[PDB]
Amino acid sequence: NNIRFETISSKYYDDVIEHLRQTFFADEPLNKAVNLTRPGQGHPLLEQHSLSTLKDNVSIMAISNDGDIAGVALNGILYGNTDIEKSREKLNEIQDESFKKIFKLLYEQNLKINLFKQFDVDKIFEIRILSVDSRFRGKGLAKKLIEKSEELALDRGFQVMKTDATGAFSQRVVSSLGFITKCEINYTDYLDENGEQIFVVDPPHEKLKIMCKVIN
């Protein structure tokens, strides 16, 4: 099209969450592996998290001439001084078994690195969701969304960006933009206390990679 990129404001939150319900949530490798939701259905915890993220006012949408959401990068701000009981309490608090499996894997992997210390920063710009509507694929929008995200991050004074990339496509995009893998795990190697694979994921997804880029 003539696609436009904009920071996502509150008037677009509903439109964005609907885009996710329709195009993203059920297709995400881990969500799909544990049958977290169904196409179009959404999920209260996923949506609560996405709304909280949106309110950080650093997310980007690609929007078409007729105002359709072509794609989004939902980005959040992580602080180095955030309490370390925060996550491990919620891990205990969740009633959704499947969601808890996902939360647990991401928490565990994040324990293995400390980017705040590694790069001496008090805040990090986190790419949380990268999503492009099938109608709009092949236009390079995923990569452009991350490029615009970096532009905004730099403008807002960030020096480090981070993403916990669960899928192969987003991994390829961020790799192509200079992100480096700091931590990784193969889904086939991640087993429960009873010995079976916790996430059986569809090809081409193979690994969870925690990836980062120094931008300033």
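All residue numbers refer to positions in the sequence shown, first residue = 1.
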Per the PDB entry, mean CA B-factor is higher for 186 to 194 or 173 to 181, namely for 186 to 194
Stretch with higher mean Cα temperature factor, 14 to 22 vs 195 to 203, is 195 to 203
In this crystal structure's PDB entry, the residue among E28, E47, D68, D164 with the greatest CA B factor is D68
Of the residues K144, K139, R128, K90, the one whose Cα carries the largest B-factor in the deposited record is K90
For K55, the third of its chain by CA B-factor is the lowest
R38: CA B-factor among chain residues, third -> highest
Of the three thirds of the chain ranked by Cα temperature factor, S149 occupies the lowest
Split the chain's modelled residues into thirds by Cα B-factor; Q95 lands in the highest
Binned into thirds over the chain's modelled residues, the C-alpha B-factor of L111 lands in the highest
